[PDB]
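Here's a solo chain for you in structure tokens, the form deposited in one PDB entry.
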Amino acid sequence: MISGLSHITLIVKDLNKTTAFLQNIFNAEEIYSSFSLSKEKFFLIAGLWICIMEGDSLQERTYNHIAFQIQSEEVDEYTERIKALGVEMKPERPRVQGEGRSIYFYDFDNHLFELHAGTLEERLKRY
């Protein structure tokens, strides 16, 4: 069986610019930096290992994405933080009852990120 999540790998055209992005918004803690076969850095974000690699590859924008957990009270604060950095944010997404609030925004390489204030239990409860 699967032990769990190992890490998430994102390819970006500008590693230093993305690094700043992650450190500002996610309080990402760099724990590794690339003789290396590629320019990459590993960050620890809320217990999750995120690997960023510099490269030309660019995935078209889609709803395939990662969602991090935040508390309801923090929605406005993160909204202000994203707004401050001029990063593109999505408008309010339609929701069903039991589905908590979320914020959606992009990095500089078509990666959509979600900050979700809801829970799985609430979602399944009504269900």
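From 1 onward, residues are counted along the sequence shown. Shifts are known only where both forms have a C-alpha. If you superpose the two forms and keep the largest set of C-alpha atoms that fall within 1.5 Å, you have the rigid core.
Per the records, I31 is modelled in every other compared entry, just as the shown structure includes it, so no third of them leave it out. Gaps at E92 occur in at least a third of the other compared entries of the protein that contain both adjacent residues. The gap between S34 and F35 holds 4 to 9 unmodelled residues of the deposited sequence. Stretches 57-65 and 35-43 differ in mean CA B factor, with 35-43 having the higher one. For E88, the recorded CA B-factor ranks within the lowest third of the chain. Only modelled residues enter the ranking. Among the modelled residues of the chain, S72 sits in the middle third by CA temperature factor in this PDB entry. Sorting the modelled residues of the chain by their CA temperature factor places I8 in the lowest third.
The form deposited in another entry exists for this protein as well; it is not shown, and the discussion that follows is about that form.
After superposition on the rigid core, the single residue among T119, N110, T9, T19 whose C-alpha moves by 2 Å or more between the shown form and the other one is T119.
Core-superposed comparison between the shown form and the other one: the C-alpha position of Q97 differs by no less than 2 Å. In the other entry, the CA atoms of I8 and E121 come closer by at least 3 angstroms compared with the shown structure. Expansion of the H65-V96 CA spacing by 3 Å or more is recorded in the other entry, set against this form. Shifted stretches between the shown form and the other one, defined as 3+ consecutive common residues each with a CA displacement of 2 angstroms or more after rigid core fitting, are listed in sequence order as 35-38, 91-100, 119-127.
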